[PDB]
Amino acid sequence: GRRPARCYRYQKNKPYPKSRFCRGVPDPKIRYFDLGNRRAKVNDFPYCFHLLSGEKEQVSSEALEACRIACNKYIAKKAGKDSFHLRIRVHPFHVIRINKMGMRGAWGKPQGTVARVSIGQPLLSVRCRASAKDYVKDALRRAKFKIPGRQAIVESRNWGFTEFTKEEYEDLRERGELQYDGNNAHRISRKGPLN
Amino acid sequence: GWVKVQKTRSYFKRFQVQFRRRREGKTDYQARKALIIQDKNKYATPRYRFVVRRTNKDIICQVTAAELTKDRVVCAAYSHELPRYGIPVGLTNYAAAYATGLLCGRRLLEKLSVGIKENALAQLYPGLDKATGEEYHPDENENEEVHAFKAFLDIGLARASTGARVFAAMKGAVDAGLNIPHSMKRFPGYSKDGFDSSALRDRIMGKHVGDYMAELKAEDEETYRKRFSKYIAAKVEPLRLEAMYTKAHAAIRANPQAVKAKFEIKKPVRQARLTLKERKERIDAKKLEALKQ
Amino acid sequence: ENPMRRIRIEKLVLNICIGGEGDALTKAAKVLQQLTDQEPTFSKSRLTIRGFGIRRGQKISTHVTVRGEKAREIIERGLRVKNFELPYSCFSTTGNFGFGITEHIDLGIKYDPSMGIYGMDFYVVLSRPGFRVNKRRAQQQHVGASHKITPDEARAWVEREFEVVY
Amino acid sequence: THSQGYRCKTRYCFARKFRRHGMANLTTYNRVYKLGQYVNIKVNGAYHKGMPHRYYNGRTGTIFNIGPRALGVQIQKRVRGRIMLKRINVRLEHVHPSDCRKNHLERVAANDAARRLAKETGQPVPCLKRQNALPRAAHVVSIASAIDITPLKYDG
Amino acid sequence: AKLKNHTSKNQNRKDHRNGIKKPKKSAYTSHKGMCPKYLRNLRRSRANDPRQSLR
RNA sequence: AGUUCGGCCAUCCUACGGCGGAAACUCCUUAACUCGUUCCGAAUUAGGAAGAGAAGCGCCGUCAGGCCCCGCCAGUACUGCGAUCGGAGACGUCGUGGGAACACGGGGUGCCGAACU
RNA sequence: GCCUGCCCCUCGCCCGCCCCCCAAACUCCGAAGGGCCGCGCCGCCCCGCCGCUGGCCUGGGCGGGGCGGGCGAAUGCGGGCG
RNA sequence: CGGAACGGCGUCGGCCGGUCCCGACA
RNA sequence: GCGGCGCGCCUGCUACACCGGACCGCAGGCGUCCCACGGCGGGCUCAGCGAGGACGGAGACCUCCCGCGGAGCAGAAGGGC
RNA sequence: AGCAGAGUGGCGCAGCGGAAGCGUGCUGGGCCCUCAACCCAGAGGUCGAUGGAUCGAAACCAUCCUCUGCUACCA
């Protein structure tokens, strides 16, 4: 039954993705990575909260799905689906193998998929408005229990999901040096054809 | 209707430009490697190739050896100089080719034997005094002590055809006294059974040009004037064509020495490249025009 | 207004893709030869498809490239079959244009049972002096954008030379 | 390895460079070679005749033979505890001249040039031996503007 | 049943015990594999004048 | 200035828009020949000189793309060598040496010989 | 909307700009780290020899004689062969 | 005090803010 | 034992950038096919975009245009052109 | 564990790169003096879902669900 998962906690093998060589991989449990109002503008949703990872471990797609369902429901119930945009940053690309039950012909057939993470790697990030700003930290704490090891939820200086800090974003927006691209924005980029 | 660009930044990043002279279309490297290669057991002894190049109004004939960073021209002859030797017009014709080939060979053989004054090149290999269109090899006939200067034909991107003008220039050089390896298959008069000397001689001594000039005169006089306006202007008659070449082949043999021709170097107007501030001045002003709208 | 900017027909290609019959293709070759006074060439099939009933390497088409007076003389007859009416969209980005007529009888060929009706597509290529730069073996370089025929420049010259209405 | 054919493990070694695919610059054939010359062997993937094995890539050697279309090179292969001279015949494309002795050749001439002057003007001769850096020296340096630097407080 | 298939440990030590032996001096000058023509010329050239040991 | 043969083979390329030809180069101009075409003087081969800067070409432009160089990135990421260093481990530190890359910001945009006019 | 109309809206489909996360069997870039080789004999003039080489009086080798010279990284240590 | 995710108003030490003599319905 | 054959050989990987590296490790091949699918010379440009042109559309043919190979080169795979 | 097959009308069972097909049920229409047969119509399908793959897939391919047959090495 998917095994204990303490078996596949650490990155002990070189990355094994789905490829021409690796066939018959069971489909990953998590398919929805952009959730919430994933279509909101950069000027909406100013604050960001990130769930970081304190270990170099492999989380399973089963875990990643269990956490996103838990986190989405708490902030949607407490506030609204419209209030936040939650991105599961990690995607399950490694394909774990199980040797069915001796050590002859031990090469295992795929059992599932895991996400290789590192230290400080954000796993779940939420872009939120003020209505849900307080509730986001609790929601990401609910997700922390479904993820193996110790993780930390921190507020982000960067506006939304952009790389501009809230201070840089506010100043650039005032002088019209920011071009909106939808969920995210970039600097005006003075280069290229003038026309 | 919405196309994907063929030339993306990726195509420009992964693109490898070819050799400058291959991008230009001027050089066939595969053919030139074969002409350039000499066995390493022969070391740096110079190897010579006979380049013959036909422009729209010229036949350029050169003997060049390939150094490491350059190509050194041992001797050059151009059909532009044929008026000095008595060929007024038809300077890109088969007869002009032969004349430029003889001039190249004679100019080089003299230039090799200028100070030797004993048993050297031009005296040793006088060539075919009369330009009969017969197969002649300076090599093989007699090569002891001094040997015939050896060169190999470089035709460039020109097609090798029977009765080609590049082959005629080589025939002139062989007739001057230059060892150029040849088989005569791509020469007028070759038959599987055997060469007809007269057929090569006819093209070398005009003939077909003269025959056409007389055919037009016989029938379409208006066309005759249009086709051969310079020939009529220079008073070159159709029967007299063979004679002028015969005098020219003697003239090239007697005095093949190059005489420098004077000219003036005039640059065209040539526009000036702008300074960075000049480029910036235009850009800031162009943006201000957009601001003004 | 350089004389070298003058647009001339480079050539006219008349292709007859009869299909995999073989018998009809020789008869189409005869029809093409009578129109152009030059031997047509036969085009082999690249792949095989049952819907077309062709196997790879079977001769499936017949084409001729006619240049000079014969080109525009033939083109005029083809245009007459469409009453000098052209689609407007028929002009390509590179300035070429095509007709495409059904039947060979209209081009003034006399109907015979041995050669049954054989339609062909007339393609007219519009050139200018100096397009040799892209076709010469030595120093081949692309033509400049200016000297290339715009689709609009093609329509204007054909309206002057053939009085066509779009 | 379970397969050991002539060109095994040569995927990145005998591959051409990013923009350097294509025929050889004609200097490769034109460059003159002399017996005893130092030659660096770098295999070119495009030319397949006379190709040295992947072991011979990266090996400097000397030209034992100068032959038609081919240079024989003596390279030293350490097999076990014995270094063995191996004589290989490599075609022009996969061999290049080496600057191994160029610093020695440059030094010999520079040493003579200083010596030539020592015979004439300025008879005393400077030391013509390489010195391995040496331990600096004294000197007075103006502190004048010295920036006071402090370890910076941790951010993150 | 199963024993070690392969080991390299100690083999470098064993090689360096008295090893890293340079390959002779005659080998560096041998005429094996040299150009048959060049070698014939060398013999003819050294078979004339003081070098000649022909008597 | 321009041609022919070259060297290294984008600071040389690509797109577009300008400009300029006295000569040169080219386009061009015709098939009696010579040669030529899966058909086709398109190319090519021969023979020219009625034209032409319109192109190719040579210069110049463009907050152009690419390419080149230098900063910064960043002493970062990684890593060689010592640690009875820390940590349950995962991994990380500290001494002692090495040290990228992507972005990003700026500036560039062929040069070399032989012959010839 | 209306006989209908593609007289038309909406997402998908194409194209561009972005953007999240990747690859033992992907690489434009590219370390640390390793590998191979060099670190003493020069330069000058003249002379010989060669079925080799070549337009040549060209080379390229193999020698000889003069003319000036000079031992040109650090450290440790006598090496080789049967 | 082999040992984890997780808990601890056990006890010392921090880090970052708010209320603070505008003494933290009157 | 059964079942496989790393029992002779080959490509990419494992393999930790010289070379060398192990496994009943990974993803695969070989025991043949071709007097042309060979040698050589000439000429040529490939896969395709895009736009055009009777039947003709997803799909056959014919044109230009731009095409760094995105095709092909007997078969595995990697180079190479 | 792991292995093979299937999943298609209400029941069956075909199809298998271009429809859904036949029987039964299932009504209707014939047919006769009436009935039985019989004949002929009419209708019946997320083709177990999904993703890919295509101009297009019930089909072909991956994932999965469900059934249904095959299964453990004496010492």
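Residues numbered from 1 in each chain as written, not as in the entry; some residues may be left out. Chains lettered and ligands numbered in written order. Part of a larger assembly, values for the part shown. Heavy atoms only, no water.

What follows is about the overall build of chain A. Counting its regular elements, chain A contains 3 helices and 10 strands. N-terminal to C-terminal, the α/β element order of chain A is β-β-β-α-β-β-β-β-α-β-α-β-β. By principal-axis analysis of the C-alpha atoms, chain A measures approximately 70 × 45 × 25 Å. Of the roughly 11700 Å² that chain A leaves accessible, carbon and sulfur atoms contribute 50%. The averaged location of the 19 negative side-chain charges in chain A is 12 Å from the averaged location of its 43 positive side-chain charges. (Helix = DSSP H or I, 4+ residues; strand = E, 2+ residues; numbered from the N terminus. Areas by Shrake-Rupley, 256 points an atom, 1.4 Å probe, with all protein chains shown as cover. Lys, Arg positive; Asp, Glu negative; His and termini not counted. Charge placed at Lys NZ, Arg CZ, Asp CG, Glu CD.)

Assigned secondary structure in chain C consists of 3 helices and 6 strands. Listing every helix and strand of chain C by position from the N terminus yields β-α-β-β-β-α-β-β-α. Principal-axis analysis of the C-alpha atoms gives chain C an extent of 50 × 40 × 30 Å. Taking the intrachain contacts of chain C between residues at least 6 apart in sequence as the baseline, contacts between residues at least 24 apart amount to 63%. If you sum the accessible surface of chain C, you get close to 9700 Å²; carbon and sulfur atoms cover 51% of it. Placing the 27 positive and 19 negative side-chain charges of chain C at their respective mean positions leaves the two points 10 Å apart. (Contact = heavy atoms within 4.5 Å.)

On to a nonpolar patch on the surface. Taken together, the side chains of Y43(B), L68(B), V32(D), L35(D) and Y38(E) define a hydrophobic patch exposed on the protein surface, amounting to about 400 Å² of accessible area. When you line up the elements, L35(D) lands in the loop between α1 (27-30) and β1 (38-41). (Patch = residues over 30% accessible without salt bridge, like charges linked within 9 Å, V, L, I, M, F, W, Y side chains within 5 Å. Salt bridge = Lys/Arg side-chain N within 4 Å of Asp/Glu carboxyl O.)

Residue and element names in this part refer to chain A. Mapping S61 onto the fold places it in helix α1 (residues 61-78). Among the residues examined, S61 registers a relative accessible area of 0% and is labelled buried. Among the polar contacts listed, one links the side chain of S61 to the backbone oxygen of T113, at a separation of 2.8 Å. Those residues in contact with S61 that lie beyond four places of it in its chain are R2, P28, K29, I30, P92 and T113. (Buried < 20%, exposed > 50% of the residue type's maximum accessible area, 1.4 Å probe, protein only. Polar contact = N/O pair within 3.5 Å; in protein donor to acceptor, adjacent residues only side chain to side chain.)

All names here are of chain A. Among the secondary structure elements, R190 is positioned in the segment after β10 (185-187). With relative accessibility at 59%, the residue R190 sits in the exposed group. Here the alpha-carbon distance between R190 and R129, two residues 61 residues apart in the chain, equals 31 Å.

Contacts to RNA strand H come from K144(A), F145(A), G149(A) and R150(A). Class assignment of the residues belonging to the surface near RNA strand H gives a composition of 1 nonpolar, 1 polar and 2 charged. (Near = heavy atom within 4 Å. Nonpolar A, V, L, I, M, F, W, Y, C, P; charged D, E, K, R; others polar.)

What follows is about the state of the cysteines. Counted according to the given criterion, the structure contains 1 disulfide over all chains. Across the disulfide, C61(B) is cross-linked to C104(B) (sulfur-sulfur distance 2.0 Å). What sets the handedness of the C61(B) and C104(B) disulfide is the S-S torsion sign, and at about -135 degrees it is left-handed. On the criterion of sequence distance, the pair formed by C61(B) in strand β2 (residues 59-66) and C104(B) in helix α4 (residues 94-112) is long-range, its members being 43 residues apart. Free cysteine: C22(A), not disulfide-bonded; nearest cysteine sulfur from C7(A) at 18 Å. Between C13(D), a free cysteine, and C8(D), which holds the nearest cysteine sulfur, the sulfur-to-sulfur gap is 11 Å. (Disulfide = S-S within 2.5 Å.)

This next bit is on the sheet that holds β2(B). Residues and elements named next belong to chain B. The strand order across the open sheet formed by 4 strands is β3-β2-β1-β4, and the pairing between neighbours is mixed. Across the chains shown, the open sheet's two edge strands, defined by having one partner strand only, are β3 (71-78) and β4 (151-154). Across this sheet, the average inter-strand angle for adjacent strands is 25 degrees, counted without regard to direction. For strand β1 (residues 48-54) and β2, the ladder comprises 7 bridges, and the chain directions are antiparallel. Considered in β2, the bridge of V52 is made with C61. The sheet strands contacting α4 are β1, β2 and β3, and the helix crosses β3 at an angle near 130 degrees. (Pairing = 2+ DSSP bridges. Axes fitted to C-alpha atoms, helices over the stretch in contact; angles between N-to-C directions.)

Any two side chains of opposite charge can pair, so long as their charged atoms come close to each other. Taken as a whole, this structure holds 32 salt bridges over all chains when the rule is applied. With its nearest N and O atoms 3.9 Å apart, the salt bridge here joins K29(A) to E62(A). Of the two residues, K29(A) sits in the segment before β1 (34-36) while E62(A) sits in helix α1, which places them 33 residues apart along the sequence. Its relative accessible area of 39% is what places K29(A) among the partly exposed residues. A salt bridge links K70(B) to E67(B); its shortest N-O distance comes to 4.0 Å. What makes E67(B) partly exposed here is its relative accessible area of 31%. Through salt bridges with shared partners, a single ionic network connects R32(B), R49(B), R53(B), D71(B) and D154(B).

We now examine the sheet that holds strand β5 (residues 97-98) of chain C. Here 4 strands make up an open sheet; going across it, the order is β4-β1-β6-β5 (chain C) and the pairing antiparallel. Each having just a single partner strand, β4 (65-66) and β5 of chain C make up the two edges of the open sheet.

It is worth spelling out the interface of chain C and chain B at this point. Listed as interface residues are 4 residues of chain C and, on the opposing side, 6 residues of chain B. Between chain C and chain B the total buried area reaches about 420 Å² when both faces are included, carbon and sulfur atoms providing 43% of it. A per-residue breakdown of the area chain C buries against chain B is headed by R137(C), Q139(C) and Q141(C), which together make up 82% of the total. For the pair chain C and chain B, the interface holds 1 salt bridge. Between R137(C) and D28(B) there is a salt bridge, with its nearest N and O atoms 3.8 Å apart. There are 3 residue pairs in polar contact connecting chain C and chain B. Classifying every residue of the side of chain C that touches chain B by side-chain character gives 1 nonpolar, 2 polar and 1 charged. (Buried area = accessible area lost by both parts, 1.4 Å probe.)

Before going further, it helps to spend a moment on the protein's contact with RNA strand F. Residues in contact with RNA strand F amount to 121 residues; listed here are only the nearest, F12(B), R165(B), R227(B), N2(C) and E39(C). Of all atoms in RNA strand F that approach within 4 Å of the protein, 71% are sugar or phosphate atoms. At 2.7 Å, a backbone N or O of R165(B) approaches a phosphate oxygen of RNA strand F. A distance of 3.2 Å separates a base nitrogen of RNA strand F from a polar atom in the side chain of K266(B). No other element matches the 7 residues that helix α12 (residues 276-292) of chain B contributes to the surface near RNA strand F. Tallied by class, residues from the surface near RNA strand F come to 39 nonpolar, 33 polar and 49 charged.

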